[PDB]
Amino acid sequence: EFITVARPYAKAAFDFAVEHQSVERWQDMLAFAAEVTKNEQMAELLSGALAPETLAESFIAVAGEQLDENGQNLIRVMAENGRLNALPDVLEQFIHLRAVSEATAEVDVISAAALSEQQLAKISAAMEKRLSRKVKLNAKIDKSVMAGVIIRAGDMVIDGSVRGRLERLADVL
Amino acid sequence: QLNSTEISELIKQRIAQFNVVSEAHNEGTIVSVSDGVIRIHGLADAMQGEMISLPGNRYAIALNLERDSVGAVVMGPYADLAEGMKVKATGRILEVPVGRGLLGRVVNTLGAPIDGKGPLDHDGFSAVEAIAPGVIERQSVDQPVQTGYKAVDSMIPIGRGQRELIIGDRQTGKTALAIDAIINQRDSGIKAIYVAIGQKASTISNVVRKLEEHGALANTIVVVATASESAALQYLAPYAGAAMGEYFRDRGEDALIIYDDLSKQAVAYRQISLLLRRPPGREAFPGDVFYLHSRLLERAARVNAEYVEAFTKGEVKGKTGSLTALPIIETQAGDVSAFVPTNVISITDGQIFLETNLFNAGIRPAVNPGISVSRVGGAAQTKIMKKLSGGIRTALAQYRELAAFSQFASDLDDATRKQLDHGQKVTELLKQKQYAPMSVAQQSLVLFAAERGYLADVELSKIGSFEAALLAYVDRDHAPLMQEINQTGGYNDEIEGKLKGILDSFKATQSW
Amino acid sequence: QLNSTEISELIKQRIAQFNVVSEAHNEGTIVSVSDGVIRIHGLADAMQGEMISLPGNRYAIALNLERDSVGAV
Amino acid sequence: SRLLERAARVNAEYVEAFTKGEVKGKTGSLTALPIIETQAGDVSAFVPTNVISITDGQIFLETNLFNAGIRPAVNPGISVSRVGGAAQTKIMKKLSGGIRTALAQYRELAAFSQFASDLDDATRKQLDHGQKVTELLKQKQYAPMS
Amino acid sequence: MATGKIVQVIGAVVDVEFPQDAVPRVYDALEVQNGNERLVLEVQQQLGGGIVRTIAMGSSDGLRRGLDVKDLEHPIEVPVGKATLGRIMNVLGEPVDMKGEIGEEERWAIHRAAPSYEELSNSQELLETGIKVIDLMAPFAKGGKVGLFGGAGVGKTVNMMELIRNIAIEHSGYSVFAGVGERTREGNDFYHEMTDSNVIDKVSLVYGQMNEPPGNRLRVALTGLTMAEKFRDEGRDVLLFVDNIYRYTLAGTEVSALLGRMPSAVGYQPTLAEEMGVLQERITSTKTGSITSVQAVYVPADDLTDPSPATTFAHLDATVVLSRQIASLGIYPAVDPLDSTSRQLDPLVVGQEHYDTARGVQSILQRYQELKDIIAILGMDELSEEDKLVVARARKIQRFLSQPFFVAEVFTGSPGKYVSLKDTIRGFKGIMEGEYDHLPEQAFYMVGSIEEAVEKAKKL
Amino acid sequence: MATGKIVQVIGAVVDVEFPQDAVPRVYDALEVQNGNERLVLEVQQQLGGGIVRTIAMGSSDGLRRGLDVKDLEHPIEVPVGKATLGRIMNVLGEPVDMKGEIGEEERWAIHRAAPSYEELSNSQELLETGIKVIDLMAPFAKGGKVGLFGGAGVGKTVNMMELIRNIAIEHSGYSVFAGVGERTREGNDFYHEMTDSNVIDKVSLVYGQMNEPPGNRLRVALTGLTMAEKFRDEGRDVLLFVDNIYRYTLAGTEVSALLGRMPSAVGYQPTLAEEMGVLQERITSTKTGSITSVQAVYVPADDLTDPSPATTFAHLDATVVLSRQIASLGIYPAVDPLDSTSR
Amino acid sequence: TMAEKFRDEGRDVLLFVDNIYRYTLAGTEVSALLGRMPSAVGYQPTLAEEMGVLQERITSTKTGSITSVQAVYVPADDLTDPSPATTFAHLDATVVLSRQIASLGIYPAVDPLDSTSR
Amino acid sequence: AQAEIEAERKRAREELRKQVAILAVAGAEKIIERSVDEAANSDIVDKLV
Amino acid sequence: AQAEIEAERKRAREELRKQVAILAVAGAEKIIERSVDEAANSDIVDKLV
Ligand SMILES: Nc1ncnc2c1ncn2[C@@H]1O[C@H](COP(=O)(O)OP(=O)(O)OP(=O)(O)O)[C@@H](O)[C@H]1O
Ligand SMILES: Nc1ncnc2c1ncn2[C@@H]1O[C@H](COP(=O)(O)OP(=O)(O)O)[C@@H](O)[C@H]1O
Ligand SMILES: Nc1ncnc2c1ncn2[C@@H]1O[C@H](COP(=O)(O)OP(=O)(O)O)[C@@H](O)[C@H]1O
Ligand SMILES: [Mg+2]
Ligand SMILES: [Mg+2]
């Protein structure tokens with residue numbers, strides 16, 4: 001795992017994208033590179049001890065949909081350091097940074113069944129009061145909850161599932 | 001137990017009092033598990049020294065707050081943990097229960113009772129890693145702690161707020177001397193604490209049976225981290241014991257604490273340190289192993305009346321609080337100059353050096369004069385003991401060197417022949433049986449008998465029977481004097497004459 | 001997995017144009033300072049044993065010409 | 001260890017099964033004599049510790065004896081064989097016990113040797129007997145004895 | 001179904017990658033086909049995401065990356081009970097005596113928690129070994145631990161063989177022998193000595209040989225402990241023989257160095273004292289039964305100060321000290337009577353008669369050790385007439401506490417003798433008091449009870 | 001305005017991240033709100049990317065990641081001058097007595113360079129201490145270093161008190177007592193014995209004792225020294241007592257290990273002889289005043305070759321040995337005249 | 001190499017090497033920079049191979065003979081330092097000088113209790 | 001005392017088999033905000049012993 | 001002896017209570033799983049939100 005190596009590159013890419021008003025394009029560009037990083041043949045090439053320069057050129061070629069500023073520079077700098085396998089994380093970090101500056105939170109909700117869209121809108125407005133961000137709910141239908149909902153807002157979690165209450169009662173006994 | 005309605009009403013009360021609502025909590029995932037250390041991902045608001053709650057009603061202590069993970073040590077069996085389990089951050093820096101209510105109960109490092117007798121009744125919690133009283137908040141040590149051993153109480157007086165190192169090779173009566181000090185504390189204001197670090201469970205079972213048998217258990221807290229428990233529990237135990245003792249210290253009472261094998265705490269801290277990749281030092285012990293023992297032992301202190309008055313917010317006025325520590329250190333072949341021994345000797349205010357070749361020769365307790373000292377000294381000692389005992393230590397050391405010379409010199413001067421007899425009798429007199437603590441009056445009159453020559457005819461032999469008969473005679477007739485001596489400890493020419501009259505009457509009229 | 005003295009705004013400068021060697025080879029920037037040892041970034045023109053001039057009136061001795069940085073005292 | 005544990009005596013059934021007949025009754029054997037070099041006679045080193053732990057016995061050759069002229073400079077009593085007499089002809093096994101006791105007594109009474117003519121004649125007869133046994137063990141290279 | 005794939009092999013250490021949902025917990029046993037052989041792996045660490053770091057129990061040769069790994073969702077688990085008696089097994093509980101399958105009824109995992117201090121049973125019932133010097137100078141109770149300290153070649157292994165025989169056809173209780181770091185020659189000699197002496201049917205043998213990977217040698221002590229704990233649960237008073245603790249600590253050092261843990265004081269592993277505690281804390285008596293134990297401890301280079309013997313001393317209740325000087329004199333067992341000790345040697349548990357006999361023997365031998373140099377310089381005819389008697393009585397004591405073992409017969413041809421504690425006390429108490437001042441010294445050498453001494457003198 | 005963020009906490013070592021341009025310098029002091037109490041961090045290294053590695057002058061427990069850190073633009077600063085006489089302070093220049101507050105007019109940074117070569121006094125002079133044994137067998141150079149080697153019970157404290165008295169009454173100087181890495185009991189009883197002798201009015205005390213985190217035990221000696229330097233600038237002759245310099249060395253070793261530097265000859269830090277010289281070079285005579293120093297020294301394992309004694313003895317000008325035999329003879333001061341030495 | 005050329009011409013040659021230890025020391029100085037983990041007392045892992053690759057080719061053959069005298073410095077007078085200890089096996093006659101005997105002034109300061117020959 | 005407590009537990013266990021029927025409904029009705037469905041008893045008695 | 005018999009009485013009472021707890025909470029789990037409706041689930045969610 002290489003969160004720690006991806007942090008500098010993500011921060012540099014984002015801090016550059018706001019100097020040139022193209023965060024939205026950079027995100028899709030990094031997502032394209034992160035997908036090319038996963039291929040079975042390309043992952044065999046990245047493991048191979050080619051010279052950083054020719055390995056970078058062998059990586060530029062498979063992605064022409066890329067700015068001069070973005071691909072031909074970021075990919076080369078990451079190749080000189082041998083960091084290209086970090087791209088899937090440089091993406092996620094980038095997204096996160098964006099969500100930070102845009103004052104947004106990707107709250108996740110989990111339930112045994114669909115919510116009434118009044119429950120869910122109340123959840124949105126209430127989390128937006130609990131936090132200080134525009135929330136973006138996404139639901140999951142997990143049956144083991146059976147009733148109630150889990151609201152996860154990053155490291156904070158609120159558990160109202162009947163299974164959670166049952167197992168807590170199990171440990172009050 | 002036929003009243004199963006008791007079981008149904010217990011369960012009904014548990015169901016009724018169950019709180020149905022839920023609250024927000026901060027949560028992380030276990031990413032790695034090895035050798036007792038876990039790495040946690042998440043817990044942005046974890047704080048260094050916090051208690052993290054694992055699935056299974058046990059805790060880990062967050063020691064490393066790295067940039068993207070929390071390195072914590074599990075307090076208990078780790079092996080069932082796995083990557084992907086989720087942990088919750090408690091808002092608490094490492095706590096332990098404290099108070100009178102756990103006085104007389106057996107608990108582990110986290111204050112959970114391993115005694116079986118139900119839950120504790122503490123009052124509040126105390127932070128384990130606390131800070132000692134400052135330079136201006138302390139007071140001089142000038143009150144006695146009696147260990148009940150003639151050798152220590154005469155030669156090496158211990159004061160309330162002193163730190164005396166019990167140091168010696170393996171199997172020389174260190175644990176015995178410590179638990180006999182605890183048992184003596186029964187019927188004194190001093191509350192006792194025994195912290196066993198790395199001890200095998202059979203030793204702890206024996207210790208608790210002997211504490212309850214001699215009735216000392218109702219006075220004392222027993223803190224257990226057995227040889228098989230995780231090193232985190234062994235490393236962090238003495239600090240829990242120190243907090244439980246400091247509760248009493250801060251209220252203007254007296255406590256005494258024994259740390260059994262601080263050398264095993266240093267080994268457990270070395271293990272936990274190396275497992276976190278921290279750089280090593282002189283013998284692989286981490287760099288701050290001194291600051292491990294120091295910041296523990298400096299909490300043992302006597303605090304002045306203004307400190308306890310301000311701490312307790314005016315509820316106690318005249319009292320001075322104290323906590324007395326007796327750390328135990330195990331040396332190898334008596335090399336005092338080892339690393340951890342010479343650190344702890346540089347920390348404490350004295351040492352009771354126990355010599356193995358005296359112990360095997362039946363000299364029990366095997367305290368070695370000369371090399372053992374109390375730097376607080378006679379200020380702690382009671383006046384009668386200070387008067388009687390002044391010579392005994394130097395007399396014994398010079399007797400030992402003279403008796404070393406003697407083996408090569410038969411047919412020797414008749415002047416040294418008497419010093420070398422009187423030393424051999426005093427060295428024979430100062431040993432005593434395993435669980436027999438002796439009060440200040442009993443020790444005082446035995447030492448008066450030894451110092452004022454009343455032995456020299458009985459100097460033959462059977463001096464043990466003489467000592468037992470003398471105690472039983474004085475207990476039969478002159479108990480009002482034993483009472484005066486035990487209550488006041490004072491010494492007068494009138495008391496000197498009384499003691500002369502006692503030994504004159506004993507020697508003429510009784511047998512042994 | 002460890003970093004190698006490549007940091008956010010230097011990566012950003014390389015992002016602006018990869019061939020930053022179009023700038024002067026004559027100078028660089030301090031990147032770290034620890035116990036009298038210094039790490040410098042840039043100085044493509046530096047040669048081992050060279051006197052490097054610091055702000056104020058001070059000198060450092062270039063001991064290491066590594067892949068991307070100069071180590072000096 | 002997995003090198004040295006390959007030196008073994010093997011019973012007749014293993015030989016008969018391995019060779020699929022063609023040999024019967026006979027036992028196979030491989031005997032290993034590893035050599036180790038120590039730095040200034042220290043045994044507490046790593047590789048000496050391992051190999052001393054693995055093998056069935058040790059022959060300790062010492063330079064203080066070799067210089068004095070005791071060649072081969074085997075140091076008895078510090079040197080052990082855990083096989084003992086089981087690997088000796090019964091004549092050797094019979095005769096060796098008095099050699100062992102004579103050298104053990106010589107080693108115990110060795111200290112007094114620097115003050116020989118302070119001693120009693122009874123111990124003196126043991127001291128100068130142990131010297132004569134030590135002198136008798138000395139032997140020239142390339143002259144094996146039957 | 002198998003779901004892991006091998007991703008590294010470096011010596012005995014193998015890394016296996018699993019799907020993020022199914023990662024094996026610590027100490028789980030994985031299984032892989034090393035060609036036609038079946039290799040199990042023990043999970044040591046969960047490092048990183050989905051990767052698992054393991055030690056191979058069999059040899060690691062022939063493994064290749066990408067092999068499929070099946071995870072058995074249990075730790076290494078072994079057969080236990082009566083079915084084990086008189087079999088030889090390895091660490092995995094697989095037979096190696098070629099007598100076919102074990103024919104088990106139950107299996108237990110080798111990793112488990114020790115008894116709590118509340119479950120322990122305080123006991124003082126002394127064991128009665130057949131050995132004079134050990135019964136007299138170092139008595140030990142049920143549930144206690146005994147360490148046979150000494151160098152190489154002093155008789156630890158044959159002393160343990162004698163103990164197994166005496167506590168298997170005099171007192172008919174079961175026994176378990178865990179040979180950690182065994183020498184195959186000595187293990188075969190042990191197997192044939194026990195099969196020839198008819199005791200094989202009351203001993204359960206586990207061997208981890210010296211030519212096996214480190215963790216395979218390490219786990220074996222836990223396998224033998226797990227069998228002794230099964231026999232304890234049935235109410236027996238079992239006796240567990242550990243053939244060398246020093247090689248257990250060495251196997252721990254090796255395993256810890258392979259995993260790349262940072263080493264300790266003398267290169268030993270950091271976990272040294274916790275491994276020793278996890279081993280020795282399971283060996284205790286309980287309210288239902290008891291495990292007594294005797295452990296051979298090799299002291300390297302003749303110092304009791306390095307971490308291994310220094311760390312095992314904390315757990316023993318009795319320590320016997322063997323010396324090659326006494327053995328080279330020709331006295332067996334070569335116990336040093338002055339340096340061997342016990343926690344249970346005090347009047348309150350052994351009685352005043354036993355305590356006084358032991359202290360008198362030690363005093364006589366100490367006085368003789370004093371007189372030895374006066375005898376050497378002056379000669380014996382200068383000693384005083386009471387010292388000329390201490391000399392003879394000490395010399396006869398020093399003979400009488402040698403003894404012929406039943407298992408040493410193949411070394412000496414003479415038959416062995418079993419001596420009750422009553423006869424031992426009676427003999428020493430008689431000798432010290434001068435009842436046998438008329439017998440030669442050689443009348444006491446290599447005899448059983450004092451009756452054999454008087455009868456040999458009558459023959460001599 | 002706070003500008004930094006805590007990024008790591010590992011024991012007493014704290015890493016904090018600043019904007020790329022606002023990075024603190026090497027010995028600057030930062031501070032944090034650790035709950036209610038403020039905590040001071042002393043920077044030790046500048047790592048790449050704005051990260052700065054510091055050591056906490058206090059208890060590290062309770063620190064979260066992401067806490068706001070405020071960058072003070074100067075090193076640790078302590079009060080100096082007459083105002084500090086008779087008080088007790090810790091490393092940070094805060095009263096740990098309870099007499100209230102220090103009315104100092106001025107504050108000085110504890111870090112600075114030693115006197116320049118042209119600034120040293122072009123003369124050599126003796127210090128008349130007034131004690132026969134010391135004045136005869138081991139004279140004091142004005143501006144020299146002196147070692148005290150005796151044990152306990154030998155009257156060391158009474159020697160220090162007599163020196164404190166004489167340097168004030170007969171001469172016209174003051175004194176600073178820096179107790180680094182020693183028992184709290186002894187500092188408490190020493191304070192009581194100095195106030196029971198009317199010398200407390202003439203000495204300024206600074207304490208970092210054994211119960212203190214490593215950074216306090218490291219920097220307390222520099223706090224004491226920078227007060228002695230403020231007395232020097234006023235034109236006086238000053239005495240500086242260091243209650244155990246071996247503990248200054250040992251706390252430097254602990255901090256070095258915490259920072260992760262490679263171990264030197266016997267495990268000591270690689271910077272030992274520099275860390276020692278940076279202290280001992282400020283104790284010199286100058287052509288405005290002078291600081292003389294009396295330093296209690298402890299020799300590990302009684303080894304005069306160990307790197308710590310070997311580095312300390314390079315600086316000492318005189319050496320006074322205290323012996324219990326001379327005290328058993330009832331002779332005070334118990335100075336051993338045969339081993340006492342002065343160059 | 002020059003000694004080997006004179007050997008292959010069929011001659012017999014004298015080779016004097018004035019301090020062989022410096023060859024291994026220069027290898028130690030370089031070794032860490034080449035990225036090789038240090039060994040027993042700092043020396044390169046390849047100490048014994050680096051020494052044997054030089055020492056084994058300075059030998060007499062059936063076409064010619066090389067007689068050679070090597071000085072072998074021993075650091076800190078420690079005869080058990082890895083470099084002396086691994087050098088001793090290569091030679092045929094080893095003369096061991098000692099500082100104690102030289103302090104007597106008895107030159108040549110040979111220790112006769114340590115010097116030997118094949 | 002061992003034989004006394006053994007028969008005391010044996011007697012208790014039968015009555016606890018009655019009590020557990022009630023207590024399982026108590027534990028269900030406590031944690032959902034509209035109370036549990038009547039005559040669902042067949043599944044509870046399938047759990048009960 | 002009486003104190004040890006009291007310890008065994010505590011042990012047996014706790015073991016029985018634990019067995020009935022485990023059975024009762026599994027029973028409550030199966031009751032709640034069968035005995036549910038959307039009006040109760042909505043009511044639970046509306047108490048949460
Ligand atoms: N005063 C005494 N009289 C008689 N026996 C004693 C006395 N003191 C100790 N013993 C006995 O000596 C043995 C060792 O005592 P103890 O357990 O205190 O030693 P230890 O040094 O604490 O042991 P270890 O160092 O192994 O932990 C015990 O069997 C104890 O009963
Ligand atoms: N009682 C005895 N009688 C005869 N020989 C013995 C006796 N005890 C030990 N030995 C000899 O010692 C040798 C090895 O003893 P062993 O028990 O293996 O020592 P260690 O403790 O080193 O394993 C055996 O070959 C045997 O000949
Ligand atoms: N100059 C002196 N005159 C008389 N007595 C002295 C003198 N110096 C020391 N002493 C005696 O020696 C004792 C030593 O005690 P103390 O000073 O506390 O030792 P330390 O300071 O080394 O702990 C003093 O209490 C005092 O009794
Ligand atoms: Mg003990
Ligand atoms: Mg053996």
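In the PDB header, cryo-EM is given as the technique by which the entry was determined, and 3.3 Å as its resolution.

A. The UniProt feature "binding site: ATP" (unreviewed entry) in chain F, seen in detail. All names here are of chain F. Within this numbering scheme, the UniProt entry marks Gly150, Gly151, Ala152, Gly153, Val154, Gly155, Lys156 and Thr157 as carrying the feature "binding site: ATP" (unreviewed entry). On the secondary structure map, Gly150 appears in the loop between β12 (145-148) and α2 (156-169). Judged by relative accessible area, which is 10%, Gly150 ranks as buried. When neighbours within four sequence positions are excluded, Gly150 is seen to be in contact with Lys156 and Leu322. By the element assignment, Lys156 lies in helix α2. Setting aside its immediate chain neighbours within four residues, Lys156 contacts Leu148, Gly150, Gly151, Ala296 and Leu322.

B. Summary view of the packing of helix α6 (residues 237-249) of chain B against helix α8 (residues 289-297) of chain B. All names here are of chain B. For the pair α6 and α8, the least separation of the axes is 10 Å and the interaxial angle reads 15°. Taken together, α6 and α8 sit at an angle that is classed as roughly parallel. As for the relative orientation of α6 and α8, their crossing is left-handed in sense. Contact with α6, carried on its side by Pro238, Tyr239 and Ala242, involves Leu292, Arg295 and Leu296 of α8 and no other residues of that element. Looking at the contact of α6 with α8, its residues break down into five nonpolar, no polar and one charged.

C. Highlighting the site of ligand 2. Contacts to ligand 2 come from 13 residues, most closely from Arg82(D), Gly153(E), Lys156(E), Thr157(E) and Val158(E). What surrounds ligand 2 is not a single chain but chains D and E. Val158(E) has a polar backbone atom sitting 3.1 Å from an oxygen atom of ligand 2. Ranked by the residues each element gives to the shell around ligand 2, the list is headed by helix α2 (residues 156-169) of chain E, at three residues. Partitioning the shell around ligand 2 into residue classes produces seven nonpolar, three polar and three charged. Counting contributing residues per domain, the shell around ligand 2 is built from domain 2 (76-344) and domain 3 (345-460) of chain E, each supplying no fewer than three.

D. Region of the structure containing the site of ligand 1. Lining the immediate surroundings of ligand 1 are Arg170(B), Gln171(B), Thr172(B), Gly173(B), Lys174(B), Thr175(B), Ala176(B), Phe359(B), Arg364(B), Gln432(B), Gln434(B) and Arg343(E). Those chains with residues close to ligand 1 are chains B and E. The contact in question runs from an oxygen atom of ligand 1 to an N or O atom on the side chain of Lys174(B), over 2.5 Å. Note that an oxygen atom of ligand 1 is positioned 2.9 Å from one of the side-chain N or O atoms of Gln434(B). For ligand 1, the accessible surface in isolation is 630 Å², of which the surrounding protein chains cover 78%. By residue number, the principal contributor to the shell around ligand 1 is helix α3 (residues 174-185) of chain B, which donates three residues. Among the residues forming the shell around ligand 1, the class breakdown is two nonpolar, six polar and four charged.

E. View of the sheet that holds strand β2 (residues 13-17) of chain E. All names here are of chain E. With respect to topology, six strands assemble into a closed barrel ordered β1-β2-β5-β4-β3-β6, the strand pairing being antiparallel. Neighbour-to-neighbour, the strand axes of this sheet turn through a mean angle of 45°, independent of strand direction. Two strands pair when backbone bridges link them, and strand β1 (residues 4-10) and β2 are joined in this way by five bridges, in the antiparallel orientation. Following the sheet pairing, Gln8 is matched in β2 by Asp15.

F. Up close: the domain arrangement of chain F. Residue and element names in this part refer to chain F. Domain boundaries in chain F define domain 1 (1-75) and domain 2 (76-343). A separation of 30 Å is found between the C-alpha centroids of domain 1 and domain 2. Taken residue by residue, the interface counts 17 residues in domain 1 and 14 residues in domain 2. Summed over both sides, the interface between domain 1 and domain 2 buries roughly 1400 Å², with carbon and sulfur atoms accounting for 65% of that surface. On inspection of domain 1 and its partner domain 2, the count reaches two salt bridges.

G. Just the interface of chain F and chain B, in detail. Counting residues at the interface gives 35 residues for chain F and 44 residues for chain B. Taken over both partners, the interface formed by chain F and chain B buries close to 3400 Å², and the fraction arising from carbon and sulfur atoms is 55%. Joining chain F to chain B, the criterion identifies four salt bridges. Note that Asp45(B) and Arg64(F) form a salt bridge whose closest N and O atoms lie 3.0 Å from each other. In this structure, the connection of chain F to chain B is made through 15 residue pairs in polar contact. Contributing elements (two or more residues each) for the side of chain F that touches chain B: β1 (4-10), α3 (184-195), α4 (214-233) and α5 (245-259) of chain F. Top element by residues in the side of chain F that touches chain B is α3(F). It accounts for five residues. Class assignment for the residues of the side of chain F that touches chain B results in 14 nonpolar, 10 polar and 11 charged. Judged from the two bridges that link them, strand β4 (residues 58-65) of chain B and β1(F) form a sheet pairing that is antiparallel.

Rules and cut-offs
- Residues numbered from 1 in each chain as written, not as in the entry; some residues may be left out.
- Chains lettered and ligands numbered in written order.
- Part of a larger assembly, values for the part shown.
- Heavy atoms only, no water.
- Residues with missing side-chain atoms left out of burial classes, pairs and counts.
- UniProt positions renumbered as here; feature names shortened; annotations may be inferred.
- Helix = DSSP H or I, 4+ residues; strand = E, 2+ residues; numbered from the N terminus.
- Buried < 20%, exposed > 50% of the residue type's maximum accessible area, 1.4 Å probe, protein only.
- Contact = heavy atoms within 4.5 Å.
- Axes fitted to C-alpha atoms, helices over the stretch in contact; angles between N-to-C directions.
- Parallel < 35°, antiparallel > 145°, perpendicular 65-115°, else oblique.
- Left-handed = near helix turned anticlockwise from the far one by under 90°.
- Nonpolar A, V, L, I, M, F, W, Y, C, P; charged D, E, K, R; others polar.
- Near = heavy atom within 4 Å.
- Polar contact = N/O pair within 3.5 Å; in protein donor to acceptor, adjacent residues only side chain to side chain.
- Domains from an automatic or database assignment.
- Areas by Shrake-Rupley, 256 points an atom, 1.4 Å probe, with all protein chains shown as cover.
- Pairing = 2+ DSSP bridges.
- Buried area = accessible area lost by both parts, 1.4 Å probe.
- Salt bridge = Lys/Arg side-chain N within 4 Å of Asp/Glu carboxyl O.

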